[PDB]
$ cat model.pdb   # PDB, C-alpha atoms (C1' of nucleotides) and all ligand atoms
ATOM      1  CA  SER A   5     -78.122 200.982 122.215
ATOM      2  CA  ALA A   6     -81.148 199.130 123.578
ATOM      3  CA  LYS A   7     -84.054 200.166 121.347
ATOM      4  CA  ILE A   8     -86.559 197.566 122.527
ATOM      5  CA  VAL A   9     -89.397 200.074 122.863
ATOM      6  CA  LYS A  10     -89.721 201.600 119.353
ATOM      7  CA  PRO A  11     -91.631 199.671 116.663
ATOM      8  CA  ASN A  12     -91.429 201.381 113.295
ATOM      9  CA  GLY A  13     -92.575 201.018 109.725
ATOM     10  CA  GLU A  14     -89.801 198.540 109.285
ATOM     11  CA  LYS A  15     -86.352 200.130 109.667
ATOM     12  CA  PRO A  16     -85.933 203.674 110.834
ATOM     13  CA  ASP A  17     -84.302 204.482 114.180
ATOM     14  CA  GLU A  18     -82.658 207.809 113.291
ATOM     15  CA  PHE A  19     -80.380 208.517 116.317
ATOM     16  CA  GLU A  20     -83.470 208.951 118.537
ATOM     17  CA  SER A  21     -82.293 206.316 120.996
ATOM     18  CA  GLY A  22     -82.349 209.088 123.617
ATOM     19  CA  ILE A  23     -86.075 208.716 124.263
ATOM     20  CA  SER A  24     -85.886 204.911 124.454
ATOM     21  CA  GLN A  25     -82.906 205.085 126.809
ATOM     22  CA  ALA A  26     -84.662 207.736 128.915
ATOM     23  CA  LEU A  27     -87.652 205.418 129.231
ATOM     24  CA  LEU A  28     -85.173 202.654 130.076
ATOM     25  CA  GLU A  29     -83.904 204.470 133.143
ATOM     26  CA  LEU A  30     -87.473 205.356 133.728
ATOM     27  CA  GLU A  31     -87.399 201.680 134.499
ATOM     28  CA  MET A  32     -86.823 200.740 138.189
ATOM     29  CA  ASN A  33     -88.747 203.896 139.153
ATOM     30  CA  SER A  34     -91.507 204.484 141.688
ATOM     31  CA  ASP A  35     -94.863 202.782 140.884
ATOM     32  CA  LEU A  36     -94.622 203.107 137.101
ATOM     33  CA  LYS A  37     -93.777 199.574 135.972
ATOM     34  CA  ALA A  38     -97.336 198.308 136.347
ATOM     35  CA  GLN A  39     -98.303 200.570 133.435
ATOM     36  CA  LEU A  40     -95.219 201.052 131.276
ATOM     37  CA  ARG A  41     -93.643 197.731 130.197
ATOM     38  CA  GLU A  42     -96.378 196.732 127.745
ATOM     39  CA  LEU A  43     -96.673 199.961 125.744
ATOM     40  CA  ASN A  44     -94.173 201.802 123.623
ATOM     41  CA  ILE A  45     -93.578 204.556 121.077
ATOM     42  CA  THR A  46     -93.227 204.710 117.300
ATOM     43  CA  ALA A  47     -91.208 207.818 116.426
ATOM     44  CA  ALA A  48     -89.883 211.044 117.883
ATOM     45  CA  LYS A  49     -89.021 214.446 116.436
ATOM     46  CA  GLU A  50     -86.963 217.332 117.827
ATOM     47  CA  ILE A  51     -88.481 220.187 115.811
ATOM     48  CA  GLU A  52     -87.669 223.881 116.254
ATOM     49  CA  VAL A  53     -90.269 226.171 117.819
ATOM     50  CA  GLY A  54     -90.518 229.899 118.447
ATOM     51  CA  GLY A  55     -87.076 231.311 119.082
ATOM     52  CA  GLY A  56     -84.215 229.143 120.279
ATOM     53  CA  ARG A  57     -86.585 226.900 122.229
ATOM     54  CA  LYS A  58     -86.858 223.221 121.349
ATOM     55  CA  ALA A  59     -89.857 220.926 121.659
ATOM     56  CA  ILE A  60     -89.955 217.155 121.204
ATOM     57  CA  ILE A  61     -92.939 215.265 119.794
ATOM     58  CA  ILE A  62     -93.572 211.593 120.563
ATOM     59  CA  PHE A  63     -95.777 209.472 118.310
ATOM     60  CA  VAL A  64     -97.787 206.643 119.861
ATOM     61  CA  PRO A  65    -100.131 203.915 118.619
ATOM     62  CA  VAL A  66    -103.753 204.811 119.260
ATOM     63  CA  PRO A  67    -104.818 202.295 121.976
ATOM     64  CA  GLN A  68    -101.389 202.826 123.420
ATOM     65  CA  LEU A  69    -102.156 206.549 123.112
ATOM     66  CA  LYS A  70    -105.102 206.229 125.483
ATOM     67  CA  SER A  71    -102.926 204.196 127.843
ATOM     68  CA  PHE A  72    -100.316 206.993 127.759
ATOM     69  CA  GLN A  73    -103.092 209.550 128.303
ATOM     70  CA  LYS A  74    -103.940 207.971 131.635
ATOM     71  CA  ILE A  75    -100.358 208.461 132.949
ATOM     72  CA  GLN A  76     -99.049 211.283 130.768
ATOM     73  CA  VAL A  77     -98.507 214.120 133.258
ATOM     74  CA  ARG A  78     -96.169 212.169 135.589
ATOM     75  CA  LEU A  79     -94.125 210.741 132.732
ATOM     76  CA  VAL A  80     -93.874 214.091 130.961
ATOM     77  CA  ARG A  81     -92.807 215.733 134.245
ATOM     78  CA  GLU A  82     -89.747 213.599 134.870
ATOM     79  CA  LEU A  83     -88.989 213.248 131.155
ATOM     80  CA  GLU A  84     -88.829 217.042 130.865
ATOM     81  CA  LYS A  85     -86.658 216.913 133.984
ATOM     82  CA  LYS A  86     -84.225 214.627 132.163
ATOM     83  CA  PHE A  87     -84.464 216.588 128.895
ATOM     84  CA  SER A  88     -84.078 219.990 130.503
ATOM     85  CA  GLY A  89     -85.025 223.082 128.535
ATOM     86  CA  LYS A  90     -87.368 221.236 126.170
ATOM     87  CA  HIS A  91     -91.105 220.606 125.995
ATOM     88  CA  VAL A  92     -92.667 217.197 125.385
ATOM     89  CA  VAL A  93     -95.995 216.432 123.706
ATOM     90  CA  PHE A  94     -97.706 213.138 122.889
ATOM     91  CA  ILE A  95     -99.454 212.696 119.535
ATOM     92  CA  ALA A  96    -101.082 209.651 117.990
ATOM     93  CA  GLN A  97     -99.980 208.143 114.711
ATOM     94  CA  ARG A  98    -103.114 208.723 112.724
ATOM     95  CA  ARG A  99    -102.778 207.365 109.141
ATOM     96  CA  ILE A 100    -104.606 209.839 106.917
ATOM     97  CA  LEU A 101    -106.114 208.191 103.848
ATOM     98  CA  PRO A 102    -106.325 210.090 100.543
ATOM     99  CA  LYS A 103    -109.626 211.262  99.159
ATOM    100  CA  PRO A 104    -110.896 208.871  96.454
ATOM    101  CA  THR A 105    -110.888 210.625  93.092
ATOM    102  CA  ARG A 106    -112.450 209.356  89.862
ATOM    103  CA  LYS A 107    -109.355 207.250  89.185
ATOM    104  CA  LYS A 111    -108.383 197.086  92.736
ATOM    105  CA  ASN A 112    -111.436 196.630  94.982
ATOM    106  CA  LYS A 113    -110.795 199.386  97.506
ATOM    107  CA  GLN A 114    -112.757 199.607 100.744
ATOM    108  CA  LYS A 115    -114.727 202.601 101.964
ATOM    109  CA  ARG A 116    -112.459 205.119 103.651
ATOM    110  CA  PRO A 117    -113.326 205.482 107.355
ATOM    111  CA  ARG A 118    -114.439 208.913 108.475
ATOM    112  CA  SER A 119    -111.778 208.842 111.190
ATOM    113  CA  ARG A 120    -109.065 208.471 108.530
ATOM    114  CA  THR A 121    -110.030 211.717 106.816
ATOM    115  CA  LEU A 122    -107.655 214.645 107.138
ATOM    116  CA  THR A 123    -110.218 216.876 108.862
ATOM    117  CA  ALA A 124    -110.872 214.347 111.617
ATOM    118  CA  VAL A 125    -107.167 213.572 111.955
ATOM    119  CA  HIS A 126    -106.254 217.235 112.383
ATOM    120  CA  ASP A 127    -109.030 217.663 114.958
ATOM    121  CA  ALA A 128    -107.829 214.623 116.903
ATOM    122  CA  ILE A 129    -104.222 215.838 116.749
ATOM    123  CA  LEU A 130    -105.246 219.227 118.130
ATOM    124  CA  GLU A 131    -107.146 217.488 120.917
ATOM    125  CA  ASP A 132    -104.277 215.165 121.846
ATOM    126  CA  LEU A 133    -101.649 217.909 121.692
ATOM    127  CA  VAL A 134    -102.946 219.873 124.684
ATOM    128  CA  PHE A 135    -103.866 216.871 126.864
ATOM    129  CA  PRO A 136    -104.169 218.090 130.511
ATOM    130  CA  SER A 137    -106.406 220.934 129.381
ATOM    131  CA  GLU A 138    -109.559 220.334 127.360
ATOM    132  CA  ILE A 139    -110.730 222.162 124.258
ATOM    133  CA  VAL A 140    -113.954 224.048 124.960
ATOM    134  CA  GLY A 141    -114.282 226.015 121.733
ATOM    135  CA  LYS A 142    -112.949 226.880 118.312
ATOM    136  CA  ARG A 143    -113.032 230.295 116.672
ATOM    137  CA  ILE A 144    -111.558 229.807 113.183
ATOM    138  CA  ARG A 145    -111.263 233.226 111.531
ATOM    139  CA  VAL A 146    -110.695 234.171 107.883
ATOM    140  CA  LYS A 147    -108.405 237.223 107.914
ATOM    141  CA  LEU A 148    -109.125 239.147 104.708
ATOM    142  CA  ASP A 149    -106.594 237.288 102.565
ATOM    143  CA  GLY A 150    -107.993 233.780 102.162
ATOM    144  CA  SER A 151    -105.797 232.887 105.107
ATOM    145  CA  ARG A 152    -107.483 231.478 108.187
ATOM    146  CA  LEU A 153    -106.326 231.576 111.801
ATOM    147  CA  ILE A 154    -107.803 229.135 114.293
ATOM    148  CA  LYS A 155    -108.452 230.181 117.882
ATOM    149  CA  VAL A 156    -108.807 227.408 120.450
ATOM    150  CA  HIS A 157    -110.337 227.893 123.893
ATOM    151  CA  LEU A 158    -108.957 225.827 126.763
ATOM    152  CA  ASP A 159    -110.829 224.782 129.848
ATOM    153  CA  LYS A 160    -109.473 227.402 132.344
ATOM    154  CA  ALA A 161    -109.017 224.603 134.912
ATOM    155  CA  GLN A 162    -105.486 223.632 133.838
ATOM    156  CA  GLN A 163    -104.268 227.150 133.059
ATOM    157  CA  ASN A 164    -101.785 226.998 135.938
ATOM    158  CA  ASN A 165    -100.574 223.635 134.636
ATOM    159  CA  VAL A 166    -100.346 224.683 130.972
ATOM    160  CA  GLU A 167    -100.077 228.336 130.015
ATOM    161  CA  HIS A 168     -96.400 228.572 129.014
ATOM    162  CA  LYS A 169     -96.585 225.809 126.409
ATOM    163  CA  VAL A 170     -99.038 227.610 124.123
ATOM    164  CA  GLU A 171     -96.333 228.877 121.781
ATOM    165  CA  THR A 172     -94.883 225.363 121.633
ATOM    166  CA  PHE A 173     -98.367 224.077 120.829
ATOM    167  CA  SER A 174     -98.678 226.661 118.052
ATOM    168  CA  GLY A 175     -95.296 225.745 116.604
ATOM    169  CA  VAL A 176     -95.933 221.998 116.773
ATOM    170  CA  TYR A 177     -99.369 222.323 115.185
ATOM    171  CA  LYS A 178     -97.907 224.535 112.464
ATOM    172  CA  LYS A 179     -95.142 222.001 111.864
ATOM    173  CA  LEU A 180     -97.116 218.787 111.572
ATOM    174  CA  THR A 181    -100.446 220.103 110.260
ATOM    175  CA  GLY A 182     -99.591 223.269 108.312
ATOM    176  CA  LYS A 183    -102.111 225.705 109.809
ATOM    177  CA  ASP A 184    -101.635 228.152 112.666
ATOM    178  CA  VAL A 185    -103.506 228.354 115.972
ATOM    179  CA  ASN A 186    -103.800 230.557 119.039
ATOM    180  CA  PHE A 187    -104.845 229.420 122.502
ATOM    181  CA  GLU A 188    -107.032 231.308 124.960
ATOM    182  CA  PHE A 189    -108.546 230.805 128.408
ATOM    183  CA  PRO A 190    -112.021 232.357 128.469
ATOM    184  CA  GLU A 191    -114.024 233.377 131.493
ATOM    185  CA  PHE A 192    -116.136 230.612 133.002
ATOM    186  CA  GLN A 193    -119.188 229.441 131.099
TER
ATOM    187  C1'   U B   1    -144.963 259.735  47.185
ATOM    188  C1'   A B   2    -144.993 256.373  41.723
ATOM    189  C1'   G B   3    -147.546 255.279  45.051
ATOM    190  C1'   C B   4    -151.394 255.568  48.754
ATOM    191  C1'   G B   5    -156.230 253.930  51.138
ATOM    192  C1'   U B   6    -159.653 249.737  52.742
ATOM    193  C1'   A B   7    -160.986 244.448  54.581
ATOM    194  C1'   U B   8    -159.036 240.132  56.961
ATOM    195  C1'   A B   9    -155.027 236.478  59.081
ATOM    196  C1'   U B  10    -150.708 237.164  62.049
ATOM    197  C1'   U B  11    -146.294 239.495  65.023
ATOM    198  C1'   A B  12    -144.554 243.578  68.290
ATOM    199  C1'   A B  13    -147.007 246.888  71.295
ATOM    200  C1'   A B  14    -148.812 242.504  75.633
ATOM    201  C1'   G B  15    -144.938 242.448  82.255
ATOM    202  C1'   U B  16    -153.209 241.893  79.065
ATOM    203  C1'   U B  17    -150.474 234.275  79.500
ATOM    204  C1'   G B  18    -145.690 236.572  82.761
ATOM    205  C1'   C B  19    -139.288 230.889  81.956
ATOM    206  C1'   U B  20    -136.817 235.673  82.109
ATOM    207  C1'   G B  21    -141.658 238.354  84.167
ATOM    208  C1'   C B  22    -147.989 239.383  86.124
ATOM    209  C1'   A B  23    -151.651 238.725  89.759
ATOM    210  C1'   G B  24    -155.266 236.285  94.177
ATOM    211  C1'   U B  25    -157.420 241.580 101.968
ATOM    212  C1'   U B  26    -160.953 245.437  99.612
ATOM    213  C1'   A B  27    -160.586 245.722  91.872
ATOM    214  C1'   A B  28    -161.536 239.256  88.680
ATOM    215  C1'   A B  29    -159.143 235.791  91.697
ATOM    216  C1'   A B  30    -156.739 231.033  98.428
ATOM    217  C1'   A B  31    -160.285 224.819  97.966
ATOM    218  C1'   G B  32    -164.638 224.883 104.532
ATOM    219  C1'   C B  33    -160.961 221.875 106.943
ATOM    220  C1'   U B  34    -157.402 217.913 107.631
ATOM    221  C1'   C B  35    -154.974 213.210 105.868
ATOM    222  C1'   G B  36    -152.774 211.380 101.559
ATOM    223  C1'   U B  37    -150.249 208.537  96.641
ATOM    224  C1'   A B  38    -147.838 209.725  92.200
ATOM    225  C1'   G B  39    -145.287 214.770  91.047
ATOM    226  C1'   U B  40    -141.986 218.640  92.716
ATOM    227  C1'   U B  41    -138.324 220.034  96.461
ATOM    228  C1'   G B  42    -135.157 218.393 100.500
ATOM    229  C1'   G B  43    -129.933 220.332 106.643
ATOM    230  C1'   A B  44    -124.665 220.018 107.868
ATOM    231  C1'   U B  45    -120.221 216.665 107.150
ATOM    232  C1'   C B  46    -115.135 213.123 103.774
ATOM    233  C1'   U B  47    -108.381 217.575 100.739
ATOM    234  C1'   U B  48    -105.906 222.061 102.782
ATOM    235  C1'   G B  49    -102.178 225.620 103.594
ATOM    236  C1'   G B  50     -97.189 224.974 103.407
ATOM    237  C1'   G B  51     -95.911 221.921  97.962
ATOM    238  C1'   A B  52     -91.343 220.745  92.298
ATOM    239  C1'   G B  53     -88.098 224.470  88.104
ATOM    240  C1'   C B  54     -89.957 227.124  84.197
ATOM    241  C1'   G B  55     -94.176 230.150  87.013
ATOM    242  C1'   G B  56     -99.822 236.594  84.747
ATOM    243  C1'   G B  57     -93.970 240.639  89.420
ATOM    244  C1'   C B  58     -89.063 232.481  95.003
ATOM    245  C1'   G B  59     -90.683 238.268  94.181
ATOM    246  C1'   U B  60     -95.037 236.076 100.440
ATOM    247  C1'   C B  61     -99.383 237.791  92.809
ATOM    248  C1'   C B  62     -98.178 232.798  90.507
ATOM    249  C1'   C B  63     -98.983 231.086  81.944
ATOM    250  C1'   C B  64     -98.420 226.779  85.039
ATOM    251  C1'   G B  65     -96.106 221.618  85.970
ATOM    252  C1'   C B  66    -100.434 218.622  91.288
ATOM    253  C1'   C B  67     -93.910 217.788  95.612
ATOM    254  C1'   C B  68    -104.261 206.417  88.597
ATOM    255  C1'   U B  69    -102.551 201.002  88.631
ATOM    256  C1'   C B  70     -98.638 197.132  86.872
ATOM    257  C1'   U B  71     -98.545 192.159  83.835
ATOM    258  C1'   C B  72     -95.328 191.888  78.318
ATOM    259  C1'   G B  73     -91.204 197.594  78.874
ATOM    260  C1'   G B  74     -90.179 195.577  72.980
ATOM    261  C1'   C B  75     -86.414 203.074  72.211
ATOM    262  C1'   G B  76     -87.980 184.372  81.793
ATOM    263  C1'   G B  77     -83.930 189.079  83.943
ATOM    264  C1'   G B  78     -78.202 195.645  81.447
ATOM    265  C1'   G B  79     -79.211 202.590  81.581
ATOM    266  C1'   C B  80     -80.559 204.897  77.437
ATOM    267  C1'   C B  81     -87.528 203.606  77.729
ATOM    268  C1'   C B  82     -92.594 203.731  76.719
TER
HETATM  269 MG    MG C   1    -149.047 240.037  70.855
HETATM  270 MG    MG C   2    -152.420 241.835  85.203
HETATM  271 MG    MG C   3    -163.034 240.296  94.883
HETATM  272 MG    MG C   4    -145.551 212.178  97.748
HETATM  273 MG    MG C   5    -127.039 219.412 100.610
END

$ encode --input "model.pdb" --output "structure tokens"
Amino acid sequence: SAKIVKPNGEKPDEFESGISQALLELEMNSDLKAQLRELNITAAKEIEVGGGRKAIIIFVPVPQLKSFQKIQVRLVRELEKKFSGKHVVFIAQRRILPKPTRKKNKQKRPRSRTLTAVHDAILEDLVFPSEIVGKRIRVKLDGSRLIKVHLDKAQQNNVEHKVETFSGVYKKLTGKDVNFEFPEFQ
RNA sequence: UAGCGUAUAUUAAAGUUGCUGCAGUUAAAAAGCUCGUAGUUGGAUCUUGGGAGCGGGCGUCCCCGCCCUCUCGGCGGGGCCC
């Protein structure tokens, strides 16, 4: 199988040729080759979400992430059309660096490579057509904390059915749980 | 009570020297006012929940083990190892 668009660490292409092939007959399409041949993906997951629903996550290099962000809605529309019954999200590959403890000549860890910043950026990239307008993290009496994220109320018609997939994906690849709301206009 | 009084130094009483812990309108006590160097003090932000068996009951509690590094390992190149 032609796997030309998937750079990796070195090796792993774990039967996820489906996304590469799908992009490959998203070749010869309408007005999408001016902005798709030069940029590619790193990895893809087919995690379980909610009930029997399935969502697929696509990991992208960061400058290539911004270049996906400019054309994401069209590509995700027909790629969901091909992969019927599943939801597609685009996430960067973010490279968290560990916190330096008291244990040769290491460099200063960038603030964007911290886990807090990475989780914030992941939450921002996960919901792309809508914009985050607030955060209402709440400690519920047990030491456990639930995050509540407010979306921009201008893409509610576009994205209101994916919120449980967003919650499942964010629980899967970050570990904490979120809810999504659409407040009245500010 | 075989002891008891007096003088003086000193401690508690004394939160009447105050770190714990005092005061400063009118009782004693805020500089006429502003700048200012030592001194003293100084906003928020970079690892957290799922983690590995013993684990105060995987019992959604958790004795608790976290699922630092590499040049000779010495129990020029075999696993039993440090
Ligand atoms: Mg005294
Ligand atoms: Mg007094
Ligand atoms: Mg007076
Ligand atoms: Mg000074
Ligand atoms: Mg501070």

$ resolve_selection --input "model.pdb" --expression "the PyMOL selection byres (((chain B and resi 65) around 9) and not hetatm)" --output "ChimeraX atom specification"
/B:52-55,64,66

$ closest_atom_pairs --input "model.pdb" --of "chain B" --to "ligand MG 2 (chain C)" --cutoff "12 Å" --atoms "only C-alpha atoms (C1' of nucleotides) and all ligand atoms" --output "tab-separated table"
residue	atom	partner	partner_atom	distance
B:14	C1'	C:MG2	MG	10.2
B:15	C1'	C:MG2	MG	8.1
B:16	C1'	C:MG2	MG	6.2
B:17	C1'	C:MG2	MG	9.7
B:18	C1'	C:MG2	MG	8.9
B:21	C1'	C:MG2	MG	11.4
B:22	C1'	C:MG2	MG	5.1
B:23	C1'	C:MG2	MG	5.6
B:24	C1'	C:MG2	MG	10.9
B:27	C1'	C:MG2	MG	11.2
B:28	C1'	C:MG2	MG	10.1
B:29	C1'	C:MG2	MG	11.1

$ closest_residue --input "model.pdb" --among "B:1, B:72, B:67, B:10" --to "ligand MG 1 (chain C)" --atoms "all atoms listed in the file"
B:10

$ atom_distance --input "model.pdb" --atom1 "atom CA of residue 187 of chain A" --atom2 "atom CA of residue 158 of chain A"
6.9 Å

$ interface_residues --input "model.pdb" --of "chain A" --to "chain B" --cutoff "7 Å" --atoms "all atoms listed in the file" --output "list in words"
residues 103, 107, 118, 121, 182 and 183 of chain A

$ residues_near_point --input "model.pdb" --point "(-102.4, 206.0, 122.8)" --cutoff "10 Å" --atoms "all atoms listed in the file" --output "ChimeraX atom specification"
/A:43-45,63-74,94-97,132

$ closest_residue --input "model.pdb" --among "A:47, A:33, A:40, A:128" --to "residue 21 of chain A" --atoms "all atoms listed in the file"
A:47

$ closest_atom_pairs --input "model.pdb" --of "chain B" --to "ligand MG 4 (chain C)" --cutoff "9 Å" --atoms "all atoms listed in the file" --output "Markdown table"
| residue | atom | partner | partner_atom | distance |
| --- | --- | --- | --- | --- |
| B:36 | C1' | C:MG4 | MG | 8.2 |
| B:37 | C1' | C:MG4 | MG | 6.0 |
| B:38 | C1' | C:MG4 | MG | 6.5 |
| B:39 | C1' | C:MG4 | MG | 7.2 |
| B:40 | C1' | C:MG4 | MG | 8.9 |

$ atom_distance --input "model.pdb" --atom1 "atom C1' of residue 58 of chain B" --atom2 "atom CA of residue 52 of chain A"
23.0 Å

$ atom_distance --input "model.pdb" --atom1 "atom CA of residue 28 of chain A" --atom2 "atom CA of residue 165 of chain A"
26.4 Å

$ residues_near_ligand --input "model.pdb" --ligand "ligand MG 5 (chain C)" --cutoff "9 Å" --atoms "only C-alpha atoms (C1' of nucleotides) and all ligand atoms" --output "PDB file with C-alpha atoms (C1' of nucleotides), keeping the file's coordinate frame"
ATOM      1  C1'   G B  42    -135.157 218.393 100.500  1.00  0.00           C
ATOM      2  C1'   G B  43    -129.933 220.332 106.643  1.00  0.00           C
ATOM      3  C1'   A B  44    -124.665 220.018 107.868  1.00  0.00           C
TER       4        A B  44
END

$ residues_around --input "model.pdb" --residues "residue 125 of chain A" --least-positions-apart "2" --cutoff "10 Å" --atoms "all atoms listed in the file" --output "mmCIF file with C-alpha atoms, in the frame of the given file"
data_model
loop_
_atom_site.group_PDB
_atom_site.id
_atom_site.type_symbol
_atom_site.label_atom_id
_atom_site.label_comp_id
_atom_site.auth_asym_id
_atom_site.auth_seq_id
_atom_site.Cartn_x
_atom_site.Cartn_y
_atom_site.Cartn_z
ATOM 1 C CA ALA A 96 -101.082 209.651 117.990
ATOM 2 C CA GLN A 97 -99.980 208.143 114.711
ATOM 3 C CA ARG A 98 -103.114 208.723 112.724
ATOM 4 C CA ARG A 99 -102.778 207.365 109.141
ATOM 5 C CA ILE A 100 -104.606 209.839 106.917
ATOM 6 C CA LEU A 101 -106.114 208.191 103.848
ATOM 7 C CA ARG A 118 -114.439 208.913 108.475
ATOM 8 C CA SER A 119 -111.778 208.842 111.190
ATOM 9 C CA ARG A 120 -109.065 208.471 108.530
ATOM 10 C CA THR A 121 -110.030 211.717 106.816
ATOM 11 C CA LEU A 122 -107.655 214.645 107.138
ATOM 12 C CA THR A 123 -110.218 216.876 108.862
ATOM 13 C CA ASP A 127 -109.030 217.663 114.958
ATOM 14 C CA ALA A 128 -107.829 214.623 116.903
ATOM 15 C CA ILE A 129 -104.222 215.838 116.749
ATOM 16 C CA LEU A 130 -105.246 219.227 118.130
ATOM 17 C CA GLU A 131 -107.146 217.488 120.917
ATOM 18 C CA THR A 181 -100.446 220.103 110.260
#

$ build_atoms --input "model.pdb" --residues "segment 50-72 of chain A" --atoms "N, CA and C atoms" --output "short mmCIF file (atom, residue, chain, number, x, y, z; two decimals), in the frame of the given file"
data_model
loop_
_atom_site.label_atom_id
_atom_site.label_comp_id
_atom_site.auth_asym_id
_atom_site.auth_seq_id
_atom_site.Cartn_x
_atom_site.Cartn_y
_atom_site.Cartn_z
N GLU A 50 -87.59 216.31 117.00
CA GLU A 50 -86.96 217.33 117.83
C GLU A 50 -87.07 218.70 117.16
N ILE A 51 -88.27 219.01 116.65
CA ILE A 51 -88.48 220.19 115.81
C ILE A 51 -88.18 221.49 116.55
N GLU A 52 -87.94 222.54 115.76
CA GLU A 52 -87.67 223.88 116.25
C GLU A 52 -88.99 224.61 116.46
N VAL A 53 -89.06 225.41 117.53
CA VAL A 53 -90.27 226.17 117.82
C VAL A 53 -89.89 227.55 118.35
N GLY A 54 -90.63 228.56 117.89
CA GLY A 54 -90.52 229.90 118.45
C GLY A 54 -89.17 230.52 118.15
N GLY A 55 -88.42 230.80 119.21
CA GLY A 55 -87.08 231.31 119.08
C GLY A 55 -86.09 230.17 119.15
N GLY A 56 -85.16 230.22 120.10
CA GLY A 56 -84.22 229.14 120.28
C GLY A 56 -84.75 227.96 121.05
N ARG A 57 -86.01 227.98 121.44
CA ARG A 57 -86.58 226.90 122.23
C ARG A 57 -86.79 225.66 121.37
N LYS A 58 -86.70 224.50 122.01
CA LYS A 58 -86.86 223.22 121.35
C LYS A 58 -88.00 222.46 122.00
N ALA A 59 -88.79 221.78 121.18
CA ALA A 59 -89.86 220.93 121.66
C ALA A 59 -89.73 219.57 120.99
N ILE A 60 -90.04 218.51 121.73
CA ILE A 60 -89.96 217.16 121.20
C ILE A 60 -91.35 216.55 121.15
N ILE A 61 -91.64 215.86 120.06
CA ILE A 61 -92.94 215.26 119.79
C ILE A 61 -92.76 213.76 119.79
N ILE A 62 -93.65 213.05 120.47
CA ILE A 62 -93.57 211.59 120.56
C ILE A 62 -94.83 211.02 119.95
N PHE A 63 -94.66 210.10 119.00
CA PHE A 63 -95.78 209.47 118.31
C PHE A 63 -96.06 208.09 118.88
N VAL A 64 -97.34 207.82 119.12
CA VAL A 64 -97.79 206.64 119.86
C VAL A 64 -98.91 205.96 119.09
N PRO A 65 -98.95 204.63 119.12
CA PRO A 65 -100.13 203.92 118.62
C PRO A 65 -101.38 204.26 119.41
N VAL A 66 -102.53 204.18 118.74
CA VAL A 66 -103.75 204.81 119.26
C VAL A 66 -104.29 204.17 120.54
N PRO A 67 -104.45 202.84 120.65
CA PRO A 67 -104.82 202.30 121.98
C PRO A 67 -103.74 202.54 123.01
N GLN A 68 -102.49 202.41 122.58
CA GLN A 68 -101.39 202.83 123.42
C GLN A 68 -101.42 204.32 123.69
N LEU A 69 -101.99 205.13 122.78
CA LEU A 69 -102.16 206.55 123.11
C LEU A 69 -103.06 206.73 124.31
N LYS A 70 -104.22 206.07 124.33
CA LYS A 70 -105.10 206.23 125.48
C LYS A 70 -104.42 205.76 126.77
N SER A 71 -103.64 204.68 126.67
CA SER A 71 -102.93 204.20 127.84
C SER A 71 -101.81 205.15 128.29
N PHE A 72 -101.17 205.87 127.36
CA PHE A 72 -100.32 206.99 127.76
C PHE A 72 -101.12 208.12 128.39
#
